[PDB]
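J.: kindly generate the corresponding structure for this input.
(chains A and B, ligands or ions: 1)
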Protein chains: 2
Amino acid sequence: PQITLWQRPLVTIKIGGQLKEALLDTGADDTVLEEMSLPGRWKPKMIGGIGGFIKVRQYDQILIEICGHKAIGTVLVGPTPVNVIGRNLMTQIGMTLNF
Amino acid sequence: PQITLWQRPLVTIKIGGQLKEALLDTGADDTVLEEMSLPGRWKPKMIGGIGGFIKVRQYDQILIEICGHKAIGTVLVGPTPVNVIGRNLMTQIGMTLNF
Ligand SMILES: COc1ccc(S(=O)(=O)N(CC(C)C)C[C@@H](O)[C@H](Cc2ccccc2)NC(=O)O[C@H]2CO[C@H]3OCC[C@H]32)cc1
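T.: Residues are numbered from 1 along each chain as shown, chains lettered A, B, ... in the order given. Take a look:
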(Lines give C-alpha, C1' and ligand atoms only; values in the text may rest on other atoms or scores of the structure.)
Protein backbone atom coordinates (compact mmCIF):
# COMPACT_ATOMS: atom_id res chain seq x y z
CA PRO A 1 0.00 0.00 0.00
CA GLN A 2 0.79 3.71 -0.13
CA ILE A 3 1.57 5.77 2.98
CA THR A 4 0.93 9.52 2.76
CA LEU A 5 3.27 12.03 4.42
CA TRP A 6 0.63 14.55 5.57
CA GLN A 7 1.07 13.07 9.07
CA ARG A 8 3.92 11.22 10.80
CA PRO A 9 4.13 7.70 9.27
CA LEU A 10 3.55 5.65 12.42
CA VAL A 11 3.39 1.86 12.62
CA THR A 12 3.22 -0.77 15.36
CA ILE A 13 6.03 -3.31 15.50
CA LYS A 14 6.41 -6.56 17.41
CA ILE A 15 9.79 -7.01 19.11
CA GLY A 16 10.83 -9.16 22.06
CA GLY A 17 7.24 -9.95 22.97
CA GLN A 18 6.56 -6.20 23.21
CA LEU A 19 4.44 -4.03 20.93
CA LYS A 20 5.88 -0.59 20.19
CA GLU A 21 4.72 2.34 18.09
CA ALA A 22 7.47 3.65 15.84
CA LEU A 23 8.09 6.15 13.06
CA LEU A 24 8.98 4.92 9.54
CA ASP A 25 12.10 7.06 9.19
CA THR A 26 14.06 7.24 5.92
CA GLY A 27 16.46 9.63 7.64
CA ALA A 28 17.42 6.99 10.20
CA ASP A 29 20.21 4.61 9.17
CA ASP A 30 19.24 2.20 11.95
CA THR A 31 16.13 1.46 14.03
CA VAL A 32 16.32 3.23 17.41
CA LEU A 33 14.03 2.39 20.33
CA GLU A 34 13.54 3.67 23.87
CA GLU A 35 15.05 1.64 26.75
CA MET A 36 14.01 -2.01 26.78
CA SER A 37 15.47 -5.44 27.46
CA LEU A 38 16.71 -7.48 24.47
CA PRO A 39 18.40 -10.91 24.34
CA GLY A 40 21.96 -11.40 23.13
CA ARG A 41 25.21 -9.48 23.35
CA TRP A 42 25.54 -5.81 22.46
CA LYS A 43 28.11 -3.12 21.66
CA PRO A 44 28.07 0.45 22.98
CA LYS A 45 27.60 3.11 20.27
CA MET A 46 27.11 6.88 19.89
CA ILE A 47 24.62 8.16 17.32
CA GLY A 48 24.16 11.78 16.32
CA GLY A 49 21.36 13.89 14.94
CA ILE A 50 19.69 17.24 15.57
CA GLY A 51 20.56 18.33 19.10
CA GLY A 52 23.65 16.14 19.34
CA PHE A 53 24.58 12.56 20.22
CA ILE A 54 23.08 9.89 22.50
CA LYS A 55 24.67 6.67 23.75
CA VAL A 56 22.93 3.42 22.75
CA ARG A 57 23.34 -0.36 22.95
CA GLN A 58 23.61 -2.05 19.56
CA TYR A 59 21.87 -5.41 19.16
CA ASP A 60 22.21 -7.28 15.87
CA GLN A 61 20.05 -10.04 14.39
CA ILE A 62 16.84 -9.09 16.20
CA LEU A 63 13.50 -10.46 14.95
CA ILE A 64 10.92 -7.75 14.25
CA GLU A 65 7.41 -7.90 12.77
CA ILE A 66 5.78 -5.07 10.81
CA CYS A 67 2.48 -5.26 8.90
CA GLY A 68 2.65 -9.07 8.90
CA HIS A 69 6.20 -9.28 7.53
CA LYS A 70 8.90 -10.93 9.67
CA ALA A 71 12.29 -9.24 9.30
CA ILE A 72 15.70 -9.39 10.99
CA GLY A 73 17.88 -6.37 11.68
CA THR A 74 19.92 -4.19 14.00
CA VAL A 75 18.19 -2.42 16.90
CA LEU A 76 19.81 0.45 18.80
CA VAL A 77 18.37 0.85 22.32
CA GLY A 78 18.76 4.11 24.20
CA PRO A 79 17.27 7.39 25.48
CA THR A 80 15.70 8.42 22.16
CA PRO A 81 12.67 10.75 22.49
CA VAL A 82 10.86 8.83 19.74
CA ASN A 83 11.02 5.26 18.41
CA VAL A 84 12.12 5.14 14.77
CA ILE A 85 12.26 2.29 12.26
CA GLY A 86 15.41 2.82 10.21
CA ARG A 87 16.45 2.01 6.65
CA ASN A 88 18.13 -1.16 8.02
CA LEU A 89 14.66 -2.66 8.53
CA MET A 90 12.57 -0.84 5.90
CA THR A 91 14.63 -2.29 3.04
CA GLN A 92 13.74 -5.78 4.29
CA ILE A 93 10.02 -5.18 3.76
CA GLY A 94 10.63 -3.59 0.36
CA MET A 95 9.71 -0.05 1.38
CA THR A 96 10.62 2.81 -0.95
CA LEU A 97 10.00 6.54 -1.47
CA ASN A 98 8.04 7.41 -4.61
CA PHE A 99 7.11 10.63 -6.40
CA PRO B 1 10.73 7.94 -9.76
CA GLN B 2 11.38 5.39 -7.02
CA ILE B 3 14.09 5.64 -4.39
CA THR B 4 15.11 2.46 -2.54
CA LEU B 5 16.57 2.67 0.97
CA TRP B 6 19.73 0.52 0.74
CA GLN B 7 21.76 3.75 0.78
CA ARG B 8 20.89 7.14 2.28
CA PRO B 9 18.22 8.82 0.10
CA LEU B 10 20.44 11.82 -0.69
CA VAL B 11 19.15 14.11 -3.42
CA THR B 12 20.16 17.37 -5.08
CA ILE B 13 18.19 20.44 -4.09
CA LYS B 14 18.43 23.99 -5.39
CA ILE B 15 18.00 26.96 -3.10
CA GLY B 16 19.27 30.50 -3.57
CA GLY B 17 20.45 29.46 -7.01
CA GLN B 18 22.90 26.93 -5.53
CA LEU B 19 22.91 23.14 -5.68
CA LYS B 20 23.20 21.25 -2.37
CA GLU B 21 22.84 17.62 -1.25
CA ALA B 22 20.01 16.85 1.17
CA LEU B 23 18.55 13.79 2.87
CA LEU B 24 14.90 12.80 2.28
CA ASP B 25 13.81 12.34 5.89
CA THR B 26 10.33 10.99 6.67
CA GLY B 27 11.05 11.12 10.40
CA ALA B 28 11.38 14.90 10.20
CA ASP B 29 8.29 17.12 10.35
CA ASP B 30 10.39 20.06 9.18
CA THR B 31 13.15 20.86 6.71
CA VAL B 32 16.44 21.76 8.43
CA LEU B 33 19.38 23.07 6.41
CA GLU B 34 23.02 23.77 7.26
CA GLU B 35 24.13 27.40 7.69
CA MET B 36 23.44 29.53 4.61
CA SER B 37 22.00 32.89 3.57
CA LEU B 38 18.29 33.30 2.91
CA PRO B 39 16.35 36.52 2.01
CA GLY B 40 13.92 38.41 4.24
CA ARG B 41 13.13 38.14 7.93
CA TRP B 42 13.31 35.05 10.13
CA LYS B 43 11.40 33.91 13.23
CA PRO B 44 12.74 31.73 16.09
CA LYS B 45 11.82 28.07 16.41
CA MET B 46 12.67 25.38 18.94
CA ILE B 47 12.96 21.86 17.51
CA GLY B 48 13.75 18.62 19.29
CA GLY B 49 16.01 16.05 17.71
CA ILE B 50 17.47 12.78 18.95
CA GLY B 51 20.07 14.62 21.04
CA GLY B 52 17.81 17.31 22.49
CA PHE B 53 16.42 20.72 21.60
CA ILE B 54 18.12 23.40 19.51
CA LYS B 55 17.24 26.91 18.35
CA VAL B 56 16.92 27.45 14.60
CA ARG B 57 16.02 30.32 12.24
CA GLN B 58 12.67 29.93 10.48
CA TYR B 59 12.22 31.40 6.99
CA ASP B 60 8.83 31.11 5.27
CA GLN B 61 7.72 30.89 1.63
CA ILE B 62 11.21 30.07 0.40
CA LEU B 63 11.58 28.63 -3.10
CA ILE B 64 13.39 25.31 -2.99
CA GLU B 65 13.65 22.74 -5.76
CA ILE B 66 13.93 19.09 -4.74
CA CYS B 67 14.76 16.46 -7.39
CA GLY B 68 13.64 18.93 -10.07
CA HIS B 69 10.28 19.67 -8.39
CA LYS B 70 9.45 23.23 -7.33
CA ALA B 71 8.41 23.81 -3.73
CA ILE B 72 7.71 27.00 -1.77
CA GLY B 73 7.62 26.67 1.99
CA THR B 74 9.23 26.84 5.40
CA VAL B 75 12.96 26.22 5.73
CA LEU B 76 14.71 26.05 9.11
CA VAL B 77 18.40 26.94 9.34
CA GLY B 78 20.53 25.62 12.19
CA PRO B 79 23.11 23.10 13.49
CA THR B 80 22.33 19.78 11.83
CA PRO B 81 24.59 16.87 10.75
CA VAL B 82 23.23 17.15 7.19
CA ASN B 83 20.59 19.04 5.18
CA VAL B 84 17.26 17.36 5.97
CA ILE B 85 14.15 17.53 3.78
CA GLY B 86 11.14 16.98 6.03
CA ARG B 87 7.50 16.11 5.43
CA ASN B 88 6.52 19.76 4.99
CA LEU B 89 8.33 19.82 1.64
CA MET B 90 8.02 16.16 0.65
CA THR B 91 4.21 16.57 0.66
CA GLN B 92 4.63 19.53 -1.75
CA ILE B 93 6.38 17.32 -4.31
CA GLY B 94 3.91 14.45 -3.91
CA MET B 95 6.30 12.07 -2.18
CA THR B 96 5.00 8.97 -0.37
CA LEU B 97 6.23 5.74 1.24
CA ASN B 98 5.28 2.53 -0.59
CA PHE B 99 5.62 -1.20 -0.05
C1 LIG C 1 22.59 5.50 13.21
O2 LIG C 1 21.16 5.45 13.32
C3 LIG C 1 20.50 6.68 13.53
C4 LIG C 1 19.10 6.70 13.63
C5 LIG C 1 18.43 7.91 13.82
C6 LIG C 1 19.14 9.12 13.92
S7 LIG C 1 18.23 10.59 14.12
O8 LIG C 1 16.98 10.31 14.91
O9 LIG C 1 18.89 11.73 14.85
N10 LIG C 1 17.75 11.08 12.59
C11 LIG C 1 18.79 11.35 11.57
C12 LIG C 1 18.65 12.76 10.93
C13 LIG C 1 18.63 13.86 12.00
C14 LIG C 1 19.84 13.00 9.99
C15 LIG C 1 16.35 10.81 12.23
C16 LIG C 1 15.53 12.06 12.00
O17 LIG C 1 14.47 11.74 11.10
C18 LIG C 1 14.94 12.56 13.32
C19 LIG C 1 14.17 11.45 14.07
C20 LIG C 1 13.53 12.04 15.33
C21 LIG C 1 14.27 12.12 16.52
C22 LIG C 1 13.69 12.68 17.67
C23 LIG C 1 12.35 13.14 17.63
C24 LIG C 1 11.61 13.06 16.44
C25 LIG C 1 12.19 12.51 15.29
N26 LIG C 1 14.06 13.66 13.01
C27 LIG C 1 14.36 14.90 13.43
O28 LIG C 1 15.36 15.21 14.07
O29 LIG C 1 13.40 15.72 13.03
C30 LIG C 1 13.55 17.08 13.41
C31 LIG C 1 13.22 17.98 12.23
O32 LIG C 1 11.79 18.05 12.06
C33 LIG C 1 11.19 17.90 13.35
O34 LIG C 1 10.35 16.76 13.49
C35 LIG C 1 10.44 16.35 14.85
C36 LIG C 1 11.92 16.43 15.24
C37 LIG C 1 12.35 17.45 14.20
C38 LIG C 1 20.54 9.11 13.82
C39 LIG C 1 21.22 7.89 13.63
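
J.: the closest residue to chain B within chain A: neighbour count?
T.: Among the residues of chain A, residue A:50 lies closest to chain B, at 2.5 Å counting by C-beta to the nearest C-beta. Where C-beta positions appear, they are placed from N, C-alpha and C, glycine not excepted. Using other C-beta atoms under 10 Å in any protein chain shown, residue A:50 has 24 other residues around it.

J.: check residue A:41 too.
T.: Residues near residue A:41, counting by other C-beta under 10 Å, number 8.

J.: and it, what does it touch?
T.: With contacts defined as C-beta atoms under 8 Å, 6 or more residues apart in numbering or on different chains, residue A:41 has no neighbours.

J.: for it, helix, strand, or coil?
T.: Following DSSP: H, G, I helix; E, B strand; the rest coil, residue A:41 is assigned to coil.

J.: for the residue nearest to the residue of chain A closest to chain B when sequence neighbours are not counted, list each beta-bridge partner.
T.: Closest residue to residue A:50 apart from its sequence neighbours, by C-beta to C-beta, 6 or more residues apart in numbering or on different chains: residue B:49 at 2.5 Å. Applying DSSP bridges to residue B:49 gives these bridge partners: residue B:52.

J.: one more: residue A:24?
T.: The partner residues for residue A:24, given DSSP bridges, come to residue A:85.

J.: give me the neighbour count for it.
T.: Using other C-beta under 10 Å, residue A:24 is surrounded by 24 other residues.

J.: pretty sure it sits against residue A:90.
T.: Yes: if you go by C-beta atoms under 8 Å, residue A:24 and residue A:90 touch, sitting 6.5 Å apart.

J.: just the closest residue of chain A to the ligand, please.
T.: Nearest residue of chain A to the ligand: residue A:49, at 1.8 Å (C-beta to the nearest ligand atom).

J.: mind listing what residue A:15 touches?
T.: Contact partners of residue A:15, counting by C-beta under 8 Å, 6+ apart, are A:33, A:38, A:62-65, A:75.
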